[PDB]
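Those letters in the sequence shown? Residues 2001 to 2106, 31 to 231, 1000 to 1052, 241 to 328, by PDB author numbering.
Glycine residues also receive a C-beta, built at the ideal position from the N, C-alpha and C atoms.
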Amino acid sequence: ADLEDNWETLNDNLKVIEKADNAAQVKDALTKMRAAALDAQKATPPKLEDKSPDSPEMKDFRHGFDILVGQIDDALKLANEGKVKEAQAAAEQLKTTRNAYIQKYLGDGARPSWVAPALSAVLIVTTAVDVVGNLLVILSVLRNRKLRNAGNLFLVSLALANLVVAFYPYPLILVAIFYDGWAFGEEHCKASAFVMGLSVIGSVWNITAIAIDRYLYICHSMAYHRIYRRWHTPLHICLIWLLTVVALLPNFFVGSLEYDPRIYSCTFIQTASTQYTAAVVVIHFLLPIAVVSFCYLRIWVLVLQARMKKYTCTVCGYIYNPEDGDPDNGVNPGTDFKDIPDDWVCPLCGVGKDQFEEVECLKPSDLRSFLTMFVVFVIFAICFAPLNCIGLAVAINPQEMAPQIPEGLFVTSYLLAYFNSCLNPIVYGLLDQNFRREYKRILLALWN
Ligand SMILES: CCC(=O)NCC[C@@H]1CCc2ccc3c(c21)CCO3
Ligand SMILES: [Zn+2]
């Protein structure tokens, strides 16, 4: 057997020990991994093919292999006794000495020169804008009480999902570019991928929970106020985050959280299990996009039919807001002007509905800022649409569609997925006039 085929063999049996149940399954995997380690030792590397068999370049690899074999001897003594958790720890210790020592004259490192300066620039820009912008969102919602109670408590949850990915995984990815390879341990590798999982899936379900809250506030607005919202929304934020952790646990069993050299980041692997990836593309993308697309379609048909809209008085300038109503004149909050009985008159000048003109302009701050949150969703869809397509193609047939996907296309798609983390406060400033004022309020306070 060739050295290239043996490099895969002992690496494939190492993944078996991680998903093993008893010590006999570990002992059977350690026997195959030791025979492959002896075989790869009695083979010249393709990279150092020019280097002589006695010369000091190939002589260091021959002495380096015996260090890894002795580590299997220490691991098999634990496996004979019946220790699985102790032998799995010894297997991870041999895995670190198999990518640092053994991977010297081995590797298909044919990555184009543009992936390193782009990824890193995107990563610097994203991490810098995220830690500042999303922090200002947290600050503006915690300060402004009128904005917080306007269903923007979910924004704290979404901004924390965006922030957490900039503090732990993004900087480690940047170190993995400059040092060329994952410079941190396997425990730091699996965790970085998991943190990114919470940030991605958590953002999907936070956007959907917002689409439901903004669907119920415009459509079935009467029913909305009848149902409590005091303690309901902090409970929903807790539930959607626990659902995310539950959805991320099968990664620990399948073993899909490993280092990807293509994008220099320790992330989720699409080829590990085509059954679990299919569930991530459908249940955690295709389905939640479909329920949100319906939510905003029902809102847009109301705006198009000129339904829930502000009506201003052509006598004393009284602006009737459907979100406010007219409670002292019987109009309970959340009532459309087209539904108020014809006997109703202005509660300021007493002129009838006859002389009432609507605002033929929808502002992005109106109806709990429905337009901004819509833009937020469309932006999210754009960033994660190609990556979910790659994961969909591999799930169908990985035997022919996995090598068919270009390496350049994967980096281009993963660059967008990362960049989404800093884009959310940018759209709050440009579209939401109330957030814009609050951004200036905090920035002027930090100055003076
Ligand atoms: C289409 C499949 C895909 O590429 N999905 C996004 C990869 C994201 C981001 C990192 C991470 C970690 C764990 C995890 C997931 C991800 C999906 C479910 O478990
Ligand atoms: Zn009036």
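Spatial distance of residue 317 from residue 231 (CA atoms) = Computed Cα separation, rounded: 29 Å.
Could you name the residues of the same chain whose beta carbon sits closer than 8 Å to that of residue 1050, not counting the 5 residues immediately before and after it, in chain order?
-> If the five residues before and after residue 1050 are omitted, its C-beta is found closer than 8 Å to the C-beta atoms of 230, 1001, 1002, 1003, 1004, 1029, all from its own chain and listed in chain order.
With respect to 7 Å, is the separation between the Cβ of residue 267 and the closest non-hydrogen atom of ligand 1 below this value?
-> True, at least one ligand heavy atom lies under 7 Å from that Cβ.
Output the distance between the C-alpha atoms of residue 2061 and residue 122, rounded to the nearest integer angstrom.
-> Near 40 Å, if we compare the C-alpha coordinates of residue 122 and residue 2061.
What is the C-beta distance between residue 195 and residue 278, in whole angstroms, given that I count them as a contact (C-beta under 8 Å)?
-> The Cβ separation is near 6 Å, so the contact holds.
Is residue 175 near ligand 1, judged by its Cβ being under 7 Å from some heavy atom?
-> Residue 175 Cβ: within cutoff of ligand 1.
Give me the Cα-Cα distance between residue 244 and residue 297, rounded to the nearest whole angstrom.
-> Straight-line Cα distance between these residues: approximately 25 Å.
In angstroms with no decimal places, state the Cα-to-Cα distance between residue 63 and residue 159.
-> Here the alpha carbons of residue 159 and residue 63 stand approximately 21 Å from one another.
Can you list the residues near ligand 2, meaning Cβ strictly closer than 5 Å to any non-hydrogen atom, in the order they appear in the chain?
-> Counting only beta-carbon distances shorter than 5 Å to the non-hydrogen atoms of ligand 2, the qualifying residues in chain order are 1005, 1007, 1008, 1010, 1038, 1040, 1041.
For residue 2092, I'd like the list of residues in its chain whose CB is within less than 6 Å of its CB, leaving aside the five on either flank, ordered along the chain.
-> Closer than 6 Å at the Cβ level, and outside the excluded window around residue 2092, lie 110.
Straight-line gap, residue 2013 to residue 44 (C-alpha atoms, nearest Å) = Straight-line Cα distance between these residues: approximately 34 Å.
Regarding residue 167 and ligand 1, is the C-beta to nearest heavy atom distance less than 7 Å?
-> For residue 167, the shortest C-beta to heavy atom distance toward ligand 1 is 7 Å or greater.
Do residue 2061 and ligand 3 come close, with the Cβ less than 7 Å from some heavy atom?
-> As far as ligands go, the structure on display features ligand 1 and ligand 2 and does not contain ligand 3.
Please classify residue 1048: does DSSP put it in a helix, a strand, or coil?
-> Strand, per DSSP.
Is residue 127 near residue 260, with beta carbons less than 8 Å apart?
-> Yes.
Note down, one range per segment and in chain order, each alpha helix (DSSP H) of at least 4 residues found wholly within the region 61–127.
-> Runs found: 69–72, 78–91, 93–102.
In whole angstroms, what is the alpha-carbon distance linking residue 114 and residue 184?
-> In a straight line, the C-alpha of residue 114 is about 12 Å away from that of residue 184.
Cβ-Cβ separation, residue 2074 to residue 2090 (assumed contact under 8 Å), whole Å = Contact flag correct, Cβ pair sits at about 6 Å.
Burial state of residue 208 (16 or more Cβ within 10 Å) = Around the CB of residue 208, 16 or more other CB atoms lie within 10 Å, so the residue is classed as buried.
So, are the CB atoms of residue 1040 and residue 263 less than 8 Å apart?
-> For the 8 Å CB-CB criterion, residue 1040 and residue 263 do not form a contact.
Beta-carbon separation (whole angstroms), residue 205 vs residue 275, contact threshold 8 Å = Indeed they touch by this definition, with Cβ atoms about 6 Å apart.
Got a sec, what are the start and stop residues for the alpha helix (DSSP H) residue 315 sits in?
-> Under the DSSP assignment, residue 315 falls in the alpha helix (DSSP H) whose first and last residues are 313–327.
Nearest-angstrom beta carbon gap, residue 58 and residue 305 [assumed within contact, 8 Å] | In this structure residue 305 touches residue 58 by the C-beta definition: roughly 5 Å separates them, less than 8 Å.
Assumed close pair residue 55, residue 90 - CB separation to whole angstroms, cut-off 8 Å = Indeed, because the Cβ distance is near 5 Å, the residues count as touching under 8 Å.
Between residue 47 and residue 94, which are expected to be in contact by the criterion C-beta below 8 Å, what is the C-beta distance as a whole number of angstroms?
-> About 6 Å; that satisfies the 8 Å criterion.
Beta carbon of residue 273: closer than 7 Å to some heavy atom of ligand 1?
-> For ligand 1, not one heavy atom lies less than 7 Å from the Cβ of residue 273.
When you compare each of 2016, 124, 2046 to residue 265 by their alpha carbons, which one comes out closest?
-> When only C-alpha atoms are compared, the closest one is 124.
Quick one: grab the DSSP three-state call for residue 37.
-> Residue 37: coil per DSSP, three-state reduction.
Can you give the Cα-Cα distance for residue 1015 and residue 129, rounded to whole angstroms?
-> Taking C-alpha positions only, residue 1015 is separated from residue 129 by approximately 26 Å.
Cα-Cα, which of 281, 112, 41, 149 is closest to residue 101?
-> Nearest to residue 101 by alpha-carbon distance, out of 281, 112, 41, 149, is 41.
CB residue 201 to CB residue 33, shorter than 8 Å?
-> The beta carbons of residue 201 and residue 33 sit no closer together than 8 Å.
Please determine if the region 2044–2064 and the region 2025–2034 are in contact, where contact requires at least 3 C-beta pairs separated by less than 8 Å.
-> By the C-beta criterion, the region 2044–2064 is judged not to be in contact with the region 2025–2034, since fewer than 3 inter-stretch pairs fall below 8 Å.
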